[PDB]
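What follows is a set of notes on a single structure, which appears directly below.
There are 2 protein chains.
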Amino acid sequence: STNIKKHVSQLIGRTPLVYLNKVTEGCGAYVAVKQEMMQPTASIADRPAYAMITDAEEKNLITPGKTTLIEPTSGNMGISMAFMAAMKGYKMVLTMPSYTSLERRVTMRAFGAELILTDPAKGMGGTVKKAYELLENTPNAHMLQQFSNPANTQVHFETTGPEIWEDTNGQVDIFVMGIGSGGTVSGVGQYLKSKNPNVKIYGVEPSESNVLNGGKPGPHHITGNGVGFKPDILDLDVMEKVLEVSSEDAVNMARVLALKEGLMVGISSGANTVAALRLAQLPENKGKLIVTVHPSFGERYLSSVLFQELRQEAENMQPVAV
Amino acid sequence: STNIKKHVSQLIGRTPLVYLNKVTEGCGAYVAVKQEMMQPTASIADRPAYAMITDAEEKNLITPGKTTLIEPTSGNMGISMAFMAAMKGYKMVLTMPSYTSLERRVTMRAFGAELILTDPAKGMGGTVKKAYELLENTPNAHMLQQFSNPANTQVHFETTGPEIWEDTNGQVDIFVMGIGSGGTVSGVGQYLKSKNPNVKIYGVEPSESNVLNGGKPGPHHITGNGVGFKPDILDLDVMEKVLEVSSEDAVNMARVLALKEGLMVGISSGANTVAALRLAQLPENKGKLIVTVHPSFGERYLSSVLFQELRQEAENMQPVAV
Ligand SMILES: Cc1ncc(COP(=O)(O)O)c(CN[C@@H](CS)C(=O)O)c1O
Ligand SMILES: Cc1ncc(COP(=O)(O)O)c(CN[C@@H](CS)C(=O)O)c1O
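Which chain is which? The protein sequence lines are B and A, in order. So for the first sequence, the deposited numbering puts the first residue at 51; every next one is plus one. So for the second sequence, the deposited numbering puts the first residue at 51; every next one is plus one.
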């Protein structure tokens, strides 16, 4: 009868693409970026959170008011799970390393989830290990396990990829995306290549923790990428290669995106944009359409290295007389 | 050739409506809410910011790189103007009372705008006075003046109103909206009544500063409403009446919206929702479609009274061993 959504979860998906022409000056390729800040919790993680929880219900694995859901996260998946659990009536417990932004912690709690922070030194690997310990010691609990759950990849094959194909009217030549769980790059990549096998798919990881390129895990600032291990769901074969972007470059670019393009986005958005620009410099990519993603909104990073200096300045601002 | 937007400003507008069925339990009316978090800077102010600056350019009043734009704000307009200014190449100066959330300050600065906080005891009135002082003392400066600029009302007549009419397939019976500048309630109200004169339009103001109902200005927590004076653009005649909601009720409702409805929204969103439910309680409104707005995303309020306590708790969390 109307266009009014029946459920808040129906607000997930179908995000816009927009061209960049400022940070791309002189690069010689088209660059379009998908804006995942237009999701109900303002990151791309709403997609796999919805898909995994719904899949578990269809499989008759979990039950509202009975099952405790437990999930490891660098923040966004945690928020998105907290959001789904709030709506569907599940107790939600997240594990997250203590080095991720304060805003991530507060938002999870605002949706009523319980949060356990883990040793910072042990990174996402430690947060996953803690989640398994909690699972083993909690009656009637279930872990969706984003790093191993194929519904994660599938949602991107089903929705994020088709959205890119349709919005570019089949013209996308290159897709680049940083890897956290690997769900996005794997699902979008598999889909785009099923429509045009010439499409080139690139992952991105932090130079500091370049494990996919054979390096050692280490601390870095690109929250949402570089978990320090190869996720089970990551499809290595679909990617041409995994590009490396330094934490410093990713952070610097995210700041420029706000100041020059009007896009207040997260650190992984900056990393993706650096990677896309690097691809544009290559002779073989001149005149091609490169699509990447800005996976999260910048206000979730006020306390991170991205904006903490500004935040401190802002906290010390004082009123003037009128 | 594609659906890719040419400019980031084209990401503004066309936001969804969603039904509420949890906070509305037992109320006997339909309640749908418009989600302005789906804007590029995550609040309703992107609409009037774009409309006012664009209108000024069309009238040949301002020039990028020459004109300094000055605007008084409670935060969201400031952010939206900083955003438009960053993209279009204007120097931007905002005045805002020092009592509004820290997040508002940081986001404005992230877009490169200059921010002057004003004495908190003087509220939005003082912030407007300061903006006029800066205007008088700054060469080649211009103030859009959201409280007096008809382009503010007009953008809602043109876009927010029509979106509501179309999305409800003409079925909306009642629209309710808190008043900051009064642009939204005025423009939406004017449009809806133009389509169906029987549609009833209600404003909201804080119980603490109920100046539209003849009370005195006072401090309150409903940021974005209750500026403490009647804005020039506010169309009193289009409203049945201006409802009063307490700061306490608005804040409590915003918290419940997150926990129960999965909607992480700001304090004025809570206030609108309280008002919507109060209207639903009247026998005359049973079975009617009531539409309201959630004008801003909740992460901009982490340091405000809305989530301050949770934020302090979050800051105090410590990592556990793995
Ligand atoms: C800001 C940000 N940017 C990129 C990604 C990557 O998307 P993937 O499809 O998971 O590879 C993520 C996903 N972060 C997951 C896993 S680390 C989380 O727990 O929040 C992210 O949060
Ligand atoms: C969170 C929030 N909620 C409601 C409104 C009101 O919309 P109006 O069309 O202005 O009446 C506003 C508008 N706040 C303007 C004027 S106070 C600002 O300077 O930010 C808002 O920020």
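Note that the Cβ used here is the ideal one computed from N, Cα and C, for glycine as well.
For a test of your reading of the model: does the CB of residue i fall under 7 Å from any non-hydrogen atom of ligand 2? Yes or no.
i               : result
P345 of chain A : yes
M193 of chain A : no
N302 of chain B : no
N275 of chain A : yes
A95 of chain A  : yes
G320 of chain B : no
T113 of chain B : no
Residue i: buried (16+ other C-beta within 10 angstroms of its C-beta) or exposed?
i               : result
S93 of chain B  : buried
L167 of chain B : buried
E334 of chain B : exposed
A304 of chain B : buried
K84 of chain B  : buried
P147 of chain A : buried
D287 of chain B : exposed
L111 of chain B : exposed
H57 of chain B  : exposed
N322 of chain A : buried
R64 of chain A  : exposed
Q368 of chain A : exposed
Note down the Cα distance separating residue i from residue j, rounded to an integer number of angstroms.
i               : j               : result
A330 of chain B : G337 of chain B : 9 Å
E108 of chain A : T218 of chain B : 32 Å
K116 of chain B : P281 of chain A : 52 Å
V343 of chain B : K250 of chain A : 42 Å
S59 of chain A  : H192 of chain B : 43 Å
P189 of chain B : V295 of chain B : 42 Å
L356 of chain A : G173 of chain A : 19 Å
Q89 of chain A  : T234 of chain A : 15 Å
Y182 of chain B : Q196 of chain B : 13 Å
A135 of chain B : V73 of chain A  : 17 Å
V143 of chain A : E363 of chain B : 17 Å
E298 of chain B : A101 of chain B : 33 Å
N302 of chain B : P345 of chain B : 16 Å
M289 of chain B : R350 of chain B : 29 Å
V372 of chain A : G176 of chain B : 6 Å
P98 of chain B  : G264 of chain A : 51 Å
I224 of chain B : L61 of chain B  : 28 Å
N53 of chain A  : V68 of chain B  : 9 Å
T91 of chain A  : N187 of chain B : 42 Å
Is there a Cβ of chain A sitting closer than 8 Å to that of residue i, yes or no?
i               : result
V156 of chain B : yes
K56 of chain B  : yes
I62 of chain B  : no
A160 of chain B : yes
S148 of chain B : yes
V226 of chain B : no
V68 of chain B  : yes
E365 of chain B : yes
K109 of chain B : no
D223 of chain B : no
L185 of chain B : no
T74 of chain B  : no
For residue i, verify whether its CB is less than 7 Å away from any heavy atom of ligand 1.
i               : result
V295 of chain B : no
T234 of chain B : yes
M127 of chain B : yes
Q196 of chain B : yes
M314 of chain B : no
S231 of chain B : yes
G228 of chain B : yes
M174 of chain B : yes
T123 of chain B : yes
Of all Cβ atoms in chain B, is any one closer than 8 Å to the Cβ of residue i?
i               : result
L242 of chain A : no
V370 of chain A : yes
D96 of chain A  : no
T342 of chain A : no
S346 of chain A : no
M174 of chain A : no
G253 of chain A : no
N302 of chain A : no
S51 of chain A  : yes
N219 of chain A : yes
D287 of chain A : no
Worksheet item: Whole alpha helix (DSSP H) runs in the segment 170-242 of chain A with 4 or more residues, listed along the chain?
Response: Positions of the alpha helix (DSSP H) runs, each at least 4 residues long and wholly inside the segment 170-242 of chain A, are given as 173-187, 200-205, 211-217 in order along the chain.
Discussion item. List, from N- to C-terminal side, the alpha helix (DSSP H) runs of 4 residues or more that fit wholly inside the segment 97-170 of chain A.
Written reply: Every alpha helix (DSSP H) of 4 residues or more that sits fully in the segment 97-170 of chain A is shown, in chain order, as 126-138, 152-160.
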